[PDB]
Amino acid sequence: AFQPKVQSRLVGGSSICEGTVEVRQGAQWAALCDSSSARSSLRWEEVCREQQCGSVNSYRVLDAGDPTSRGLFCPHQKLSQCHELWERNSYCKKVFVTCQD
């Protein structure tokens, strides 16, 4: 196994356990684009736990319908299943996540 790890962090929160999700894999931090059609709390529970911030309490989407937003895209269900990130250079929908603590 042992493949490199997509890292995640939350920026701009009113605390360190909430904020807009960014990812890096080898590096350059950028907003995570999420292109799921049903909303699932599965990724955000992983992100919150990885921040050591406990469970996810809520999440919301940002930048819906902005053809100019850009960030980095993971084509698998869980970030911990990605070992590689692609640029998405238009229509990046991002996610603001609020963790437990």
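The first residue of the shown sequence is 1; numbering continues from there.
Given 35-43 and 71-79, the range whose Cα B-factors average higher in the PDB entry: According to the PDB entry, the answer is 35-43.
Given 22-30 and 48-56, the range whose Cα B-factors average higher in the PDB entry: Mean C-alpha B-factor is greater for 22-30.
CA B-factor placement of residue 16, once the chain's modelled residues are sorted into thirds: Highest third of the chain for residue 16's C-alpha B-factor.
Residue 6 - Cα temperature factor, lowest/middle/highest third of chain: Middle third by C-alpha B-factor.
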